[PDB]
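Student: Sequence and experimental coordinates follow.
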Amino acid sequence: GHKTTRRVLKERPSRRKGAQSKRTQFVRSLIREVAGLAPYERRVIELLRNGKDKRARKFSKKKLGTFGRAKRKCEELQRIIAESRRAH
Amino acid sequence: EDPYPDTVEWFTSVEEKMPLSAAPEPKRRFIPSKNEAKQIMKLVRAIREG
Amino acid sequence: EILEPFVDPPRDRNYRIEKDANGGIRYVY
Amino acid sequence: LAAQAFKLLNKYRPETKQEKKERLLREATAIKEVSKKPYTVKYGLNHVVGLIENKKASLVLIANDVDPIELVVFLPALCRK
Amino acid sequence: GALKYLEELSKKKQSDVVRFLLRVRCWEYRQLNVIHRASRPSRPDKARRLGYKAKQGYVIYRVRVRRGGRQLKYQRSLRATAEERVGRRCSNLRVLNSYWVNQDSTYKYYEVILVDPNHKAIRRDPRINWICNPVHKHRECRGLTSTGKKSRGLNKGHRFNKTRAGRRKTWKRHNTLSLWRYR
Amino acid sequence: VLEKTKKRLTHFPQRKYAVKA
Amino acid sequence: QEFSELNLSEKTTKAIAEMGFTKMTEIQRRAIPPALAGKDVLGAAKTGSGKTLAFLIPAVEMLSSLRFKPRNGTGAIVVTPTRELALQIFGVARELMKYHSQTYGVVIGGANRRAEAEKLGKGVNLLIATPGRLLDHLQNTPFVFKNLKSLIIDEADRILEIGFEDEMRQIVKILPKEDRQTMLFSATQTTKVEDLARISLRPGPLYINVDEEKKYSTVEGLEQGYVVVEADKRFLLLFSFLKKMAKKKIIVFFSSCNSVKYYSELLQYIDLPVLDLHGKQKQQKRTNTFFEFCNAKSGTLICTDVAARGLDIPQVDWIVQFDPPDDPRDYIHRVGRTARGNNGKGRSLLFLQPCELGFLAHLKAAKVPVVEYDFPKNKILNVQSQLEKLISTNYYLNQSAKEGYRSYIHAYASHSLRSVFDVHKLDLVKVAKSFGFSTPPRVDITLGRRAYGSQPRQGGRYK
Amino acid sequence: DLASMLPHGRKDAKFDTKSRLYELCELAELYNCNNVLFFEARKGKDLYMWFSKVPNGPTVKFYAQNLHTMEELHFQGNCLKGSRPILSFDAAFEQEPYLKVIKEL
Amino acid sequence: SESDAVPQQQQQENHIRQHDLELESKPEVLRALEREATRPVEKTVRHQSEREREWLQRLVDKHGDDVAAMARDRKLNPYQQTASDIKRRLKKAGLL
RNA sequence: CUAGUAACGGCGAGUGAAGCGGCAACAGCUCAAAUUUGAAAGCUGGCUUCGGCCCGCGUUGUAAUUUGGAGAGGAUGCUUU
């Protein structure tokens, strides 16, 4: 509509109000490795190790309720499997 | 399925060489204590007032 | 075998590449 | 090991309130009428975990009977890493 | 940092160690009474973020409440029911807050943070003299706690048009026939 | 009153002023 | 012709007089007038000719005339290859704008991203930056650049050699082009330089060619000495070296200005009579100290290699390179010649870590003779206890050590010859112990199968 | 209604709109499906239908405007749940090219 | 003439005074208020403590007037204040 | 005021808001998340010659700093009690 010159605003500190810090990443991973896995998480781990990626994805979707959450959980479990393989 | 399996230290197997926080150390950790300075001053006030 | 003296030593696929309608890279899975 | 650690820890036990106030009064009277950093054992869950995270700790001792046990579950692992 | 680690445990509360701890503590809670006193909280991180303070006058009470249907569902949450039972138990204290601590196939378990209004440390602390004020008598009974606000829909947006300012007050305001002098 | 609020009211108090017509 | 006869602003003239430069140099003499006229210029000057001042004078004068303020954004952009040259240019620019009101800023890789973002949001008129980090900031962070008027590209041949062709062309296409002065200094004139110039400058460039064409590259008349020192005994070996060959002229080259500052201050505490030369100092008294070192009998100069490029090294006994060399080829030839130094037998030695032994095969393929040194272990003056005590008891030493450490790490990361000087073979524990720490302080060392059915993008706007 | 009518199909609901269309493609790959019928509701008032040949096949977007479902009591018709229908295509689906594509999909 | 087109240059007359504002036929009340505003006020100059005076005196006695040396000293200067801090404290005290 | 509009409804009876705009009044803040760590600096009670002495709480965390259109830490030079 009207022609007005747009300004450049300062970056709000409320951006990224979730977590992205390396310290919280460390804490979260350490708590993962001290606490372990849930029954369904371990089931999906077994499925991924056996190679039934489709079955693991379906089970994760059934347990969680959302495709994005299922994909994400498969992702953390996959890097956990890879990290365990490297550690061994 | 083994019900109760041995834990694999996938994350803690790697020792981290460096501290987590990069926040600079404040001066109070290398200068004497102003808290005790103020306490000593208050005690001196009390002694002067008797 | 550093050929040139003071330079650095020079140093799985799922899509097939084809040409699309608009002359761009089309990806066959 | 417990006894030797307790010996060193006792040689570095923190100052009690009586002698702390006594030394404060010492300093006040000295002001009326030169030191180095105090080295003492550090205590407190949050303080010690931060010290470990900053790698300022040389040795860590953990109570075996913390009745919320979650307060400690992560501490041996973080010390190890 | 320890509270952050505890928060991560509470996030992954379905893990092995947390499941074991909640199992043992559930057995202990079943063995104890329906309502009992804790000097120290079971989840200190949750208590601290809800406002529990290591002061003379702050107490935790752990309470078990029957879960399930009342097909008419009881509109008051089990958390609110536990807080109300705590209020009738110790009417002298003020309900600061409450948090879920455990659950079973018959009982759900909550821990409530309570504040003593007659202790002069609480009177002096200017962050808690607000609950020392007499307006906050039986907040659990008037639905002024977090569960009360959640059940009353005290939120902003078009999703909460009917309840953002009080359901009954909004009904009355919309159904009053206002007649001015110069009509 | 809290220490922070005490310092704030000490250093930035309510000023007494007037706006000219 | 001097800066006085060239008619500039009174603030600029006072700044120049305070710095001390009176006679204009070659480039400073026949480049500033065309630049203040406004004609885009390509030059081939070599480092040490004062090109920094030669291109800062027009930018500062233009900002003063246009009356720029921090809220208007960037008016002048400096594109530099390495962060050490960035800091040198920053020191010079601070010297120039000491009396002005427009602000100067630095944006370099391996630095606090959020701090630089806040800096840009607040606003800088003259900004010196590195290619990759500059381009990232332009692509991602909110700041004003629509009033840009001057762009200097310093040592574009170095920039292309490092490999920022894509970064530089994206910078050129992103930054505004209309009513923009373009100055480009680059010694060697290659095909990459031709391309960068043809995209960057306007149809009519003025070209300056007095590059020193008598490059006496000595291929055989050189002998390079090297000492294979462990990471955690580097500073101790340097200290023992300095003690033993006191009463001899010594020049030691470091990598970064913060490292120079920390070593200077630490040696002052540990009783080393030393003449120092680093960026934070004043230009006038830097000249005074250089004159004193040239006209002294003994003494040791702590200076960096990038400054030694501009410095004209007098007759000295020992040329030591403690930190890895910024330029290997230029380093070898130039400083070997300046070390062996005409008549008097001069010796030039380089510190090599055990992870850095590929430089030997490098030199062998380069066809130059080398000599190794022994440093008997009992002659190493172990004072690391006093070092750690002072680092732990003095806060100013704690800072100077932390900036020195991080600057060394980031320089080693953004070192050109990665095959020999790759950071991932370093031990941070031992390098921190050599700096005097017990625990290495936080420094970020960093600083397929795509989706099923994922076709590329013919439309849509992302920012 | 279409799920009842289509017996080689699988029903699924609540796909996040913040996700991606090729993420719909991995969804179809997970379900081993070579065709996808996407229902996108805009304004909660207007229907958008996507017919896509999953792996690398051309996709068609239509907008659904006027809606009448099987549960209305003015239809007075009923058939077998999954029996084969007589596909009665119009002539424009036989001449016109984009209608050729729509007919094939 | 504004080469860089911003109305803020027209409107103008990075640190500002923050505890006060520097300001540049009418009713009797208004003039009385104006006189009251423009009346000078007592300075009430803040001064320094006896021990601070003694510490500065000893530091001057030992290191003369070398700000670098006084910052360098440890025993007489436990609180590792900056040389500029020491210089302004000395200036406020009065002795160089 | 929007307004008996949108929207919902044995689409019959009927039900039925909200943004915006003009007003009245207008005031912003406290926490959890940090190591005071060169010093629990915090608080309850009873004993008082009422001035300062103990006991206990508490490190499983009480004071000061900080709460995301922020902040911290240094340097820096102005200005307030």
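Tutor: Looks like it came in fine. Numbers count the residues shown, from 1 in each chain, chains lettered A, B, ... in the order given.

Student: which residue does chain A bring closest to chain D?
Tutor: residue A:34 (4.9 Å; C-beta to the nearest C-beta). C-beta here means a position set from N, CA and C on the backbone, and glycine is covered the same way.

Student: Residues touching the helix or strand hosting that residue, excluding its own?
Tutor: In the assignment (DSSP states H and E), residue A:34 maps to helix A:22-35. Helix A:22-35 has contacts (C-beta atoms under 8 Å, 6 or more residues apart in numbering or on different chains) with A:19, A:80, B:7, B:9-12, B:20-21, D:53, D:73-74, D:77-78, D:81, E:1, E:4-5, E:8-9, E:11-12, E:15-18.

Student: Keep only these that also lie close to chain F.
Tutor: Near chain F, taking C-beta under 8 Å from any C-beta of the partner chain as the test, no member of the contacts of helix A:22-35 is found.

Student: among these, which are in helices?
Tutor: A:80, D:53, D:73, D:77-78, E:4-5, E:8-9, E:11, E:16-18 (DSSP state H).

Student: ok, of those residues, which one's closest to chain C?
Tutor: residue A:80 (21.8 Å).

Student: Find the nearest non-adjacent residue to that closest one, please.
Tutor: residue B:10 (6.6 Å; C-beta to C-beta, 6 or more residues apart in numbering or on different chains).

Student: Could you do residue G:273 as well?
Tutor: Residue G:273 sits nearest to residue G:299 (C-beta to C-beta, 6+ apart), 7.2 Å away.

Student: Repeat that for residue E:4.
Tutor: For residue E:4, the closest residue by C-beta to C-beta, 6+ apart turns out to be residue A:27, at 5.5 Å.

Student: Distance-wise, check that neighbour relative to residue E:128.
Tutor: Here residue A:27 is placed at a distance of 30 Å from residue E:128 (C-beta to C-beta, to the nearest Å).

Student: how close does residue I:27 sit to chain F?
Tutor: 9 Å (C-beta to the nearest C-beta, to the nearest Å).

Student: and that residue, what is it in contact with?
Tutor: Counted by C-beta under 8 Å, 6+ apart, residue I:27 has zero contacts.

Student: how about the residue of chain C found nearest chain D, secondary structure?
Tutor: Residue nearest to chain D within chain C: residue C:12 (33.1 Å; C-beta to the nearest C-beta). Here residue C:12 is recorded as coil under DSSP: H, G, I helix; E, B strand; the rest coil.

Student: Tell me how many other residues surround the residue nearest to it when sequence neighbours are not counted.
Tutor: Leaving aside its chain neighbours, residue C:12 sits nearest to residue G:449 (6.8 Å; criterion: C-beta to C-beta, 6+ apart). Residues contacting residue G:449 under the criterion other C-beta atoms under 10 Å in any protein chain shown number 8.

Student: For residue G:449, what is the enclosing helix or strand?
Tutor: Applying DSSP H and E, one finds residue G:449 in no helix or strand.

Student: Need the phi and psi values for it.
Tutor: Phi and psi for residue G:449, reported as degrees, to the nearest 10, are phi -140, psi 90.

Student: Look up how far chain I lies from it.
Tutor: Counting by C-beta to the nearest C-beta, the gap from residue G:449 to chain I is 50 Å.

Student: swap in residue G:356?
Tutor: Distance from residue G:356 to chain I, by C-beta to the nearest C-beta: 36 Å.

Student: middle-most residue in chain A, spatially?
Tutor: residue A:72 (4.4 Å; C-alpha atoms, centre = their mean).

Student: Stretch E:20-37 vs chain A: in contact?
Tutor: No. Stretch E:20-37 is not in contact with chain A by C-beta under 8 Å from any C-beta; minimum separation 10.0 Å.

Student: Now that stretch: buried residues?
Tutor: E:21-22, E:25-26, E:29, E:35 (16 or more other C-beta atoms under 10 Å in any protein chain shown).

Student: Please, which helix or strand holds the residue of chain F found nearest chain A?
Tutor: With C-beta to the nearest C-beta as the measure, residue F:4 is the residue of chain F nearest to chain A, at 20.1 Å. Here residue F:4 sits within helix F:3-11, counting by DSSP H and E.

Student: right, is that helix up against chain E?
Tutor: No. For helix F:3-11, no contact with chain E is found by C-beta under 8 Å from any C-beta; the gap never falls below 8.6 Å.

Student: quick one: that helix to chain centroid distance?
Tutor: 9 Å (C-alpha atoms, centre = their mean, to the nearest Å).

Student: Repeat that for stretch G:56-69.
Tutor: For stretch G:56-69, the distance to the chain centre is 24 Å (C-alpha atoms, centre = their mean).

Student: how about that stretch as PDB, C-alpha atoms only?
Tutor: Extracted C-alpha coordinates of stretch G:56-69, given in PDB (Å, rounded to 0.1, in the frame of the first residue of the first chain):
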ATOM      1  CA  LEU G  56      42.300   4.700   4.900                       C
ATOM      2  CA  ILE G  57      42.900   8.400   4.200                       C
ATOM      3  CA  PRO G  58      40.300   8.600   1.400                       C
ATOM      4  CA  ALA G  59      37.800   6.500   3.300                       C
ATOM      5  CA  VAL G  60      38.200   8.600   6.500                       C
ATOM      6  CA  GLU G  61      38.000  11.900   4.600                       C
ATOM      7  CA  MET G  62      34.900  10.800   2.700                       C
ATOM      8  CA  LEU G  63      33.200   9.700   5.900                       C
ATOM      9  CA  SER G  64      34.100  13.000   7.500                       C
ATOM     10  CA  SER G  65      32.800  15.000   4.500                       C
ATOM     11  CA  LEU G  66      29.600  12.900   4.200                       C
ATOM     12  CA  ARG G  67      29.000  13.300   8.000                       C
ATOM     13  CA  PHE G  68      28.400   9.600   8.800                       C
ATOM     14  CA  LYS G  69      27.000   8.600  12.100                       C
END
